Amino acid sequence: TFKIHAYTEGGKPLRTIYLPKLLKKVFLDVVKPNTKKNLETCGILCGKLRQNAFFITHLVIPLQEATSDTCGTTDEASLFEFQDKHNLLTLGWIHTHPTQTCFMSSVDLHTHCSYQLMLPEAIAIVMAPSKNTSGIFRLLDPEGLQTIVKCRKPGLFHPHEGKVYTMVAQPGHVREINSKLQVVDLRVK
């Protein structure tokens, strides 16, 4: 049985997520046509729970739309059909900032809050290819989650008071390993 190597700010245990070290590069390769057109792209990190640790085994690129500044799913029923019939857990997500720096935006935090409420270990990977930087983030728990849950500020992109998020602990929360990765691109063009 795998053991706990990371904790939330409130002292809650976080099970390890094993991340294929090729995932970041593969994601950039798969979404390169969009990056070239200055369009963001997102993906879902899917996997399994085995003996008290999570394993990311699939990178899923869902049906979606985008601009230079945003990306979003458009057919979650299609995504559900895949995860349900393959019995894969949602463990986090990934997206590109084609021109921007590596950080979690207002949209990113509002989105990630819900994933992290549903799975305390849920992670958000952000790729900033024009900067050759990347990051793996989560909200501060409980304080960051509380702030985002309570937030009703207008504007697609608005700031938040103080620190709401952090880089995840590595390798304690996320450990990058040499492991199998399947790509599943559900897009129709």
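From 1 onward, residues are counted along the sequence shown.
According to the deposited model, is the average Cα temperature factor higher in 123-131 or in 154-162? Taking the mean C-alpha B-factor of 123-131 and of 154-162, the larger value falls to 154-162.
Mean Cα B factor from the PDB record: higher for 140-148, or higher for 39-47? Mean B over CA atoms: larger for 140-148.
So among 96, 90, 101, 111, who wins on Cα B-factor in the entry? If I rank 96, 90, 101, 111 by C-alpha B-factor, first place goes to 101.
Relative to the other modelled residues in the chain, which third contains the C-alpha temperature factor of residue 52: lowest, middle or highest? According to the entry, residue 52 has a C-alpha B-factor in the chain's highest third.
What third of the chain, by the recorded C-alpha B-factor, contains residue 177? Its C-alpha B-factor, which the entry lists for residue 177, ranks in the highest third among residues of this chain.
Please place residue 22 in the lowest, middle or highest third of its chain by C-alpha B factor as given in the entry. Highest third, going by the recorded CA B-factors of the chain.
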